[PDB]
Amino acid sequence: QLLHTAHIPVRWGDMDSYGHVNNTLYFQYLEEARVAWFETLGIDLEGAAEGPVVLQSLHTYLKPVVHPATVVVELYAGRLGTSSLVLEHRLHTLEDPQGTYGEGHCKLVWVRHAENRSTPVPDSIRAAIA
């Protein structure tokens, strides 16, 4: 199930000395896409007592991106636990909407932060998925 599609313009300063987007920056793109998805659901990250924490990131690099470009990040529902969710991702560009530039996943766990303890996934996400 597709949860969210984000369009993330590439900045010239995102490139490294290889002259393509630096490999680190793809994780910022993925972060931006999740933040936008969270925003659509009123999860604002703005110092809430409970919210999603990244446990694990996996990314496979398949094709480089070169400025100027707009990266398209598709987020898909992976497995939902009581307090965790796997968000699967695929990355394309606007000019190359069917090329897969990279893919992977982000495992999120919902935690009450001041307490360091897992808490249930919000109703909105259960509703979206389930």
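Each residue number is its position in the shown sequence, starting from 1.
- As the entry records it, the average C-alpha temperature factor is higher for 109 to 117, out of 16 to 24 and 109 to 117.
- The question of which stretch, 118 to 126 or 5 to 13, has the higher mean Cα B factor is settled in favour of 118 to 126.
- When the C-alpha B factors of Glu103, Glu74, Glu32, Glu50 are read from the deposited coordinates, the top value falls at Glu50.
- Highest C-alpha temperature factor among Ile43, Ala36, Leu94, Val86 per the entry: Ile43.
- Residue-level temperature factors show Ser57 in the middle third of its chain, judged at the C-alpha atom.
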